[PDB]
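Here the structure comes first, spelled out in structure tokens, and everything after it is commentary.
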Amino acid sequence: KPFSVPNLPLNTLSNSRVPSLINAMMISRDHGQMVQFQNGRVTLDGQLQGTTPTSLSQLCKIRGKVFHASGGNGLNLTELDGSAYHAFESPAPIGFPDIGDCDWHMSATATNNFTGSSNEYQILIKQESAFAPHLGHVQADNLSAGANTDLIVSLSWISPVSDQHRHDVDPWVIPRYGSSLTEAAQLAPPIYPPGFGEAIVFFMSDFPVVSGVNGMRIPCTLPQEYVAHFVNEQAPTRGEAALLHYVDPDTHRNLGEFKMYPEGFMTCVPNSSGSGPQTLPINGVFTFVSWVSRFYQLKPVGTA
Amino acid sequence: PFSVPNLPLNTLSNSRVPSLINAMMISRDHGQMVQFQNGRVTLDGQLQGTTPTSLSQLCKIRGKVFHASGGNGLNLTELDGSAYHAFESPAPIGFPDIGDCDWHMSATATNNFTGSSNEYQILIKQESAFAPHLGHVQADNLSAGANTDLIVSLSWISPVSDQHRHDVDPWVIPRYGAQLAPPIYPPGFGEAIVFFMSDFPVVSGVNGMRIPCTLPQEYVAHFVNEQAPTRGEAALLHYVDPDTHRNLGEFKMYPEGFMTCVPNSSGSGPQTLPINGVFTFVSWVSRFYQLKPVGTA
């Protein structure tokens with residue numbers, strides 16, 4: 001079964017870490033040397049990793065039953081379909097947000113007998129001591145729902161931590177899933193740019209971020225729709241890296257070459273300390289050319 | 001060669017709201033005609049109506065705030081900021097297609113987002129100032145300054161504000177003005193249109209908190225990707241247990257992008273089937289092909 005990537009223009013596809021259209025590609029020497037995102041993680045032969053869902057309907061979602069306690073209210077987590085969360089299969093429930101070290105402003109709705117405005121709750125989930133999604137619970141501020149209420153929660157926007165230990169949001173980092181009690185079990189492994197002059201390609205989307213280190217932008221390593229494609233195809237990985245062309249869909253012109261590694265991420269070689277894929281159009285399609293060795297030398301992409 | 005995704009149905013999304021599929025149903029009182037504008041695509045990958053490739057566009061609106069005496073609103077663009085063309089679709093791509101109800105929505109500023117002051121809970125009613133085909137809709141409780149660019153997502157729906165009805169019927173589409181995706185009818189010989197159901201916050205819904213669609217969203221992206229030529233009048237599918245490979249039932253998928261089954265002696269059809277199954281392409285068949293009844297009596 002031959003390997004392929006979707007024949008879909010980039011700017012029609014979603015970020016795999018927030019539900020937002022891709023509007024740019026970038027490399028980052030500052031942030032792109034090690035990356036351990038937990039969403040948008042899947043092998044080229046279609047093995048899902050981390051908390052990564054097949055569908056965007058699960059992404060940046062939390063489901064749980066409300067608990068009321070002295071130190072504050074919170075949620076006892078389930079999977080989004082309502083089935084039980086287990087602490088062996090993953091760092092958190094599938095689709096749980098993976099943007100660390102920031103406040104999450106979220107919208108929750110009652111899943112049973114939804115009456116209207118009073119069954120929608122604008123809540124704040126902080127990443128402090130009682131943030132323990134791996135153990136099956138998070139503390140939630142400004143949550144007025146009664147005990148044992150079943151809620152589906154959606155990420156609305158993010159902002160600097162409430163406890164003031166930093167004043168910006170760095171979306172390149174992931175949460176501490178097990179709190180200070182333990183490291184999470186099935187974390188999608190760290191990624192490093194392998195290869196000579198290679199930089200990891202990050203697909204960017206706009207999102208409401210207050211004081212972001214790259215402003216209102218969230219990076220990921222695959223479009224969401226690629227994840228569903230690889231999980232569908234399960235094409236055997238027949239080489240060390242997949243050579244791709246980024247191609248204009250009308251003119252058929254090759255706009256640059258890229259390597260996709262089995263771990264499920266892409267790299268390019270920037271032109272002489274340049275911005276690499278950022279100057280390319282965003283309405284192109286990636287296309288599989290051939291399996292190549294990890295040492296295969298890419299032609300530089302972008303301006304100097 | 002034509003294929004459908006090898007993905008379990010309960011891992012996939014509704015194509016009319018961003019919510020996991022948790023059921024399949026047929027409907028006598030609602031399945032006699034449907035003209036949903038989202039989740040519409042041909043088997044060879046031609047998008048129709050307002051249907052996006054990606055769920056990130058679904059049930060969202062983008063536009064610039066206008067202030068008016070009759071009421072504030074939004075001058076619509078596409079979700080990527082580019083101009084909406086009325087000759088291309090009945091509304092911008094991904095516009096909600098749930099008619100004859102109130103849309104309660106959450107809007108955020110796309111420029112210099114500061115926090116809670118740039119998030120707005122708005123009500124979009126479907127009255128005379130609802131004109132998506134032109135490129136504008138009236139919004140209540142919208143306090144943002146004039147020309148503010150906002151990205152808006154659907155939070156919940158409820159009975160119309162003017163009270164001309166007291167319940168929500170998600171089987172109907174809005175009055176856009178158009179170049180609508182065409183109506184779908186059951187094709188004959190006791191075939192019933194299969195609807196994929198997802199839960200959504202609906203106040204006083206005709207089927208409770210449930211939204212129907214004709215295709216999982218990820219099937220839409222798969223067909224747009226593959227563009228497999230249609231080589232017959234219907235694609236015969238098996239719904240299969242992925243662990244045991246057990247054939248749970250037969251379904252026809254038509255070129256227009258919808259599925260049918262035959263229920264067993266006036267029964268519920270696909271409703272009693274497990275929701276973690278996978279559809280698989282068997283072969284191209286003619287209109288003459290008669291499906292084995294599915295489900296219980």
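Just so we're on the same page: first chain in the structure tokens is A, next is B, and so on; residues restart at 1 for each chain, and ligands are numbered from 1 in the order they show up.
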Write out as a PyMOL selection string every residue belonging to chain B that has an atom at most 9 Å from any atom of chain A, counting only C-alpha atoms. chain B and resi 5-7+10-14+17-22+52-57+79-80+104+106+108-116+119+155-158+199-204+208-209+217-218+221-222+224-226
Based on the backbone DSSP call, show me all residues of region 37-77 of chain A assigned strand (DSSP E or B), as a ChimeraX atom specification. /A:42,48,61-67,74-77
Can you list, as a short mmCIF file (atom, residue, chain, number, x, y, z; two decimals) with N, CA, C and O atoms, in the first residue's frame, every protein, DNA or RNA residue that comes within 7 Å of residue 140 (chain B) when you count only C-alpha atoms, leaving out same-chain residues fewer than 3 positions away?
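The resulting file, part.cif, is reproduced below:
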```cif
data_model
loop_
_atom_site.label_atom_id
_atom_site.label_comp_id
_atom_site.auth_asym_id
_atom_site.auth_seq_id
_atom_site.Cartn_x
_atom_site.Cartn_y
_atom_site.Cartn_z
N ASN B 72 -26.82 46.31 15.53
CA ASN B 72 -25.45 46.06 15.08
C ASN B 72 -25.37 44.71 14.39
O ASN B 72 -26.28 43.89 14.49
N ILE B 122 -22.69 36.69 21.62
CA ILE B 122 -23.66 37.33 20.73
C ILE B 122 -24.79 36.39 20.37
O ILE B 122 -24.65 35.17 20.43
N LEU B 123 -25.92 36.98 20.01
CA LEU B 123 -27.10 36.26 19.56
C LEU B 123 -27.35 36.68 18.12
O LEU B 123 -27.50 37.86 17.84
N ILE B 124 -27.35 35.71 17.21
CA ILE B 124 -27.73 35.93 15.83
C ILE B 124 -29.10 35.28 15.63
O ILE B 124 -29.26 34.07 15.77
#
```
Give one line per residue of region 188-258 of chain B that approaches region 276-285 of chain B to at most 7 Å, naming the two atoms of the closest pair and their distance in Å to one decimal, counting only C-alpha atoms; sort by chain then ascending residue number and deliver it as CSV.
```
residue,atom,partner,partner_atom,distance
B:231,CA,B:284,CA,6.6
B:232,CA,B:284,CA,5.1
B:233,CA,B:285,CA,6.1
B:234,CA,B:285,CA,5.4
B:235,CA,B:284,CA,4.6
B:236,CA,B:283,CA,5.3
B:237,CA,B:281,CA,4.7
B:238,CA,B:280,CA,5.3
B:239,CA,B:279,CA,4.4
B:240,CA,B:278,CA,5.1
B:241,CA,B:277,CA,4.9
B:242,CA,B:277,CA,6.1
```
Neighbours of residue 60 (chain A) within 6 Å (only C-alpha atoms; same-chain residues fewer than 4 positions away dropped), as an MDAnalysis selection string? chainID A and resid 95:97 155
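Distances from A:34, A:94, A:77, A:87 to residue 184 (chain A) were compared using only C-alpha atoms, and the smallest one belongs to A:87.
Reported to one decimal place, the separation of CA of residue 283 (chain A) from CA of residue 10 (chain A) is 5.4 Å.
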So that I can check the surroundings of residue 272 (chain B), please list as a PyMOL selection string every protein, DNA and RNA residue that reaches within 12 Å of it, counting only C-alpha atoms and ignoring chain neighbours fewer than 5 positions away. chain B and resi 22-26+248-249+263-264+267+294-297
Distance query residue 133 (chain B) at most 10 Å, only C-alpha atoms, self and fewer than 4 positions along chain excluded, as JSON, numbers by chain: {"B": [76, 84, 85, 86, 87, 89, 90, 91, 92, 137, 175, 176, 177, 178, 179]}
Need to verify the contact set: region 163-168 of chain A, 7 Å, only C-alpha atoms, exclusion of same-chain residues closer than 3 positions in sequence. Can you return it as a PDB file with C-alpha atoms, in the first residue's frame?
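New file out_25.pdb:
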```
ATOM      1  CA  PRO A 160      -0.404  34.503  30.831  1.00  0.00           C
ATOM      2  CA  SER A 211       0.924  38.171  25.085  1.00  0.00           C
ATOM      3  CA  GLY A 212       2.151  35.239  22.982  1.00  0.00           C
ATOM      4  CA  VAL A 213       5.884  34.906  22.280  1.00  0.00           C
TER       5      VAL A 213
END
```
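When DSSP is run on the backbone, the residues of region 1-209 of chain A that fall into helix (DSSP H, G or I) are residues 10, 11, 12, 56, 57, 58, 117, 118, 119, 133, 134 and 135 of chain A.
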Same residues, C-alpha atoms, saved as a PDB file, in the first residue's frame:
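What landed in part21.pdb:
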```pdb
ATOM      1  CA  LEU A  10      -2.570  23.757   3.050  1.00  0.00           C
ATOM      2  CA  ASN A  11      -4.801  26.760   3.790  1.00  0.00           C
ATOM      3  CA  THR A  12      -7.939  24.557   3.660  1.00  0.00           C
ATOM      4  CA  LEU A  56     -10.736  17.812  15.137  1.00  0.00           C
ATOM      5  CA  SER A  57     -14.091  17.450  16.981  1.00  0.00           C
ATOM      6  CA  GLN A  58     -12.018  16.003  19.875  1.00  0.00           C
ATOM      7  CA  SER A 117     -27.404  30.480  28.913  1.00  0.00           C
ATOM      8  CA  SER A 118     -27.276  29.126  32.489  1.00  0.00           C
ATOM      9  CA  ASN A 119     -25.965  25.748  31.189  1.00  0.00           C
ATOM     10  CA  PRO A 133      -5.049  15.585  34.071  1.00  0.00           C
ATOM     11  CA  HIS A 134      -2.968  12.359  34.083  1.00  0.00           C
ATOM     12  CA  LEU A 135      -4.496  11.482  37.494  1.00  0.00           C
TER      13      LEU A 135
END
```
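Remark: for residue 239 (chain A), the closest of the candidate residues A:272, A:128, A:82, A:292 is A:292 (distances computed over only C-alpha atoms).
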Proximity to residue 38 (chain B) - best of B:151, B:172, B:213, B:61, only C-alpha atoms: B:213
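Using only C-alpha atoms for every distance, the candidate list A:169, A:243, A:143, A:106 yields A:169 as the residue closest to residue 218 (chain A).
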Could you work out how far CA of residue 88 (chain A) lies from CA of residue 185 (chain A), giving the answer in Å with one decimal? 6.3 Å
